[PDB]
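J.: need a 3D model of the following:
(one chain, ligands or ions: 3)
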Amino acid sequence: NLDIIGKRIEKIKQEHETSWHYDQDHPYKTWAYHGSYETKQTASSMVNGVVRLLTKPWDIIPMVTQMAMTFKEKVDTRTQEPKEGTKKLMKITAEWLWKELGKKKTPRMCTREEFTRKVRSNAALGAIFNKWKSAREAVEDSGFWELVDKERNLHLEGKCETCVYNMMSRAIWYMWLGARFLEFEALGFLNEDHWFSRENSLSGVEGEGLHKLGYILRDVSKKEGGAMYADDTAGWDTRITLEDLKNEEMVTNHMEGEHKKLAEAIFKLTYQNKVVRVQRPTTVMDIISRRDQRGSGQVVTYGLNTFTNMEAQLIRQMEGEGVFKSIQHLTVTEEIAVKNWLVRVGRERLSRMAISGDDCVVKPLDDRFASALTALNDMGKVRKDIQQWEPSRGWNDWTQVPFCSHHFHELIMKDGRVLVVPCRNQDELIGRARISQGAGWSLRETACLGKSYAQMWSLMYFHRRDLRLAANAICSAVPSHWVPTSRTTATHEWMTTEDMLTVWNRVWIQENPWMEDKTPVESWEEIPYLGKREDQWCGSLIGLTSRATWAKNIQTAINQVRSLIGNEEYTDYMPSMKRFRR
Ligand SMILES: c1ncc2c(n1)C[C@@H]1CC[C@H]2N1
Ligand SMILES: [Zn+2]
Ligand SMILES: [Zn+2]
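T.: Residues are numbered from 1 along each chain as shown. Ligands and ions are numbered 1, 2, ... in the order given. The coordinates are given below.
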């Protein structure tokens, strides 16, 4: 309690000495509350005019148009302590999992140099405004690094002064760039050195890319066993227990010297004890604390979610296979059985899973897994939209399994070769491409963001008639040499000025380990579409009068956008499609 968080609390007390008051009408039940102080401030979604002018039929589709318009009483809930048997299962599994992940890796600190480079090419590290304008400026000023230095030496002393969260089924905890640096220095290696790659972790998909995920699910489907299970957790980040945070901290057992000490401080002082500031309209700032739940940087959150999800799913697999009988208590001989299972078949059981943070697909040895719920429920990983003790429903076909907001189609090229392609409802794709975030977008910057969406569609969603046509239209409407951009940056092969046919050949043929025949594709007409009925099932407007008029008159839409942008060098990509090729 207050000995680890007090210093942080004390410091804030003073910067607002004119405003401090222990409010008696505070709305917190599960968060420990400390005090309040005076503020008065808040980021709505803006429309991308380039993409909207080239997607006119979707102007009358509410599922698209409603996306651009516009629970914190789930952050304020509590998880129960798991039973002794559960805690033992988790500790044995976590110990074994860090050793496996460590066999072909070496923990190490990330550098000021590495951090500086990340900030100087716009990765969302969730920082705040103050003393310097942007992150770009703070990193070049040596005063910052003295602030970082002061904190760094405070952490080696086992104490914290400035590592405080700012709150804003989503909840994002921004920190000041300094606290973010120290998190990255100690734990950045998990992402920077690919601990959750499929090669390293067997269950993981870190860095794999949307073009690989379907091939990975088809490889899991080839294993002998039961249905494919894809159970979503209800508010995963809020169900992370203090026992979870303690098993995650065991990565420090593989560290040495300074690194070990810096990493122990991040886990102890910032993850297993937290200090947060929250906007309350009644407008004040509330200084609240709690020991459990996930509140880390988004990138460390991804890696530790993947770890604890891999652990939870191996234990659910152990329950289905009868490795242990009850979660109340692991006997002496059950412990040795669990250890022996892990050593004997643990790596095989990891390969039966695809795990992306809180998102999983599991192909267990058989369907006993469906009704193996005691460990999963007692660890607090309660399933979404199903009653606590109702057996999971599994999927019989890998092409129907949801994963990372997609499903996957098997698509045969006219030349016999097999593509496994990513897909989702087309209203979701079009609605997202019509949205920008933040202020001060020039017309050129708005055009370059539209071009980023268009090139992603050409590479990932070429098989959707409407998206291949709209992607060609946007790329024809934006000057040929203008560089695609984003403001928060899977593997993004579409972020390039290289010709998209050359990039398609590299991704889907040359570098595709599931494609034996490396014969290059010479034109977009060799690249197939879904069946027309399947395209309609997944949200295509093919067949509607609105869509026919849009396609027939597309040059008029392209020319409207070219007229707004002005007298620039453009390329016509529409003749890459059979119907515009005369
Ligand atoms: C153990 N620890 C770290 C690494 C390896 N093995 C293999 C390759 C070369 C360096 C890095 N990746
Ligand atoms: Zn600190
Ligand atoms: Zn589909």
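J.: contacts and neighbour counts: CA atoms only from here.
T.: Fine.
J.: can you give me the strands in the chain?
T.: For the chain, the strands defined by DSSP state E occupy 32-38, 46-47, 165-167, 173-174, 274-280, 284-290, 353-356, 359-362, 407-412, 418-423, 435-436.
J.: same list (those strands) but as TSV, adding distance to ligand 2 and mean neighbour count.
T.: Listed next are the strands of the chain as TSV, based on distance: least, CA to the ion, whole Å; neighbours: other CA atoms under 10 Å:
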stretch	distance to ligand 2	mean neighbour count
strand 32-38	19	18
strand 46-47	36	17
strand 165-167	11	19
strand 173-174	14	20
strand 274-280	10	20
strand 284-290	14	20
strand 353-356	29	25
strand 359-362	30	24
strand 407-412	42	18
strand 418-423	42	21
strand 435-436	34	20
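J.: so which of those is nearest residue 96?
T.: Closest of the strands of the chain to residue 96 is strand 353-356, at 17.0 Å (criterion: CA to CA).
J.: so what's the residue count around the closest residue to ligand 1 within the stretch 301-450 of the chain?
T.: The stretch 301-450 of the chain approaches ligand 1 most closely through residue 303 (17.5 Å), counting by CA to the nearest ligand atom. Using other CA atoms under 10 Å, the number of residues around residue 303 comes to 23.
J.: check the one 10 residues further on too.
T.: Residues lying near residue 313 (other CA under 10 Å) number 22.
J.: save the strands of the chain as CSV, and put in distance to residue 345 too.
T.: CSV is the format used below for those (distance: least, CA to CA, whole Å):
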stretch, distance to residue 345
strand 32-38, 43
strand 46-47, 51
strand 165-167, 41
strand 173-174, 38
strand 274-280, 38
strand 284-290, 38
strand 353-356, 13
strand 359-362, 15
strand 407-412, 29
strand 418-423, 29
strand 435-436, 47
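J.: and the residue of the stretch 301-450 of the chain closest to ligand 1, how far from residue 195?
T.: 8 Å (CA to CA, to the nearest Å).
J.: next, the contact list for residue 158, please.
T.: Contact partners of residue 158, counting by CA atoms under 8 Å, 6 or more residues apart in numbering, are 265, 269.
J.: of all the strands of the chain, which lies closest to residue 202?
T.: Taking these one by one with CA to CA, strand 353-356 is closest: 7.8 Å.
J.: picking that back up, out of the strands of the chain, flag the one nearest residue 519.
T.: Of all the strands of the chain, strand 418-423 sits nearest to residue 519, with 13.0 Å by CA to CA.
J.: within its sheet, name the partner strands of that closest one and how each one runs.
T.: Sheet pairing for strand 418-423, assigned by DSSP bridges, gives strand 407-412 (antiparallel).
J.: give me the contact list for the strand it pairs with.
T.: Against strand 407-412 from outside (CA under 8 Å, 6+ apart): 214, 398-401, 418-424, 528-530.
J.: that strand and ligand 3 in contact?
T.: No: contact of strand 407-412 with ligand 3 (CA under 5 Å from the ion) is absent, the minimum separation being 6.2 Å.
J.: the closest residue to ligand 2 within the stretch 451-582 of the chain and residue 246, how far apart?
T.: Across the stretch 451-582 of the chain, no residue is closer to ligand 2 than residue 488, which sits at 25.8 Å (CA to the ion). According to CA to CA, residue 488 stands 31 Å off from residue 246.
J.: also residue 377?
T.: Computed with CA to CA, the distance linking residue 377 and residue 246 is 19 Å.
J.: which residues touch residue 368?
T.: By CA under 8 Å, 6+ apart, residue 368 lies in contact with 320, 321.
J.: residue numbering should commence at 28 henceforth.
T.: Renumbered: residue one is now 28, and that last one reads residue 395.
J.: mind listing what's buried along stretch 281-296?
T.: 282, 286, 287, 288, 289, 290, 291, 292, 293, 294, 295, 296 (16 or more other CA atoms under 10 Å).
J.: ok, and what's touching that stretch?
T.: 31-32, 129, 134-136, 179, 182-183, 185-187, 209-210, 213-214, 272, 276, 279-280.
J.: which residue is the nearest non-sequential neighbour of the residue of the chain found nearest ligand 1?
T.: Residue nearest to ligand 1 within the chain: residue 132 (3.4 Å; CA to the nearest ligand atom). Closest residue in space to residue 132, ignoring its immediate chain neighbours: residue 222 at 7.2 Å, by CA to CA, 6 or more residues apart in numbering.
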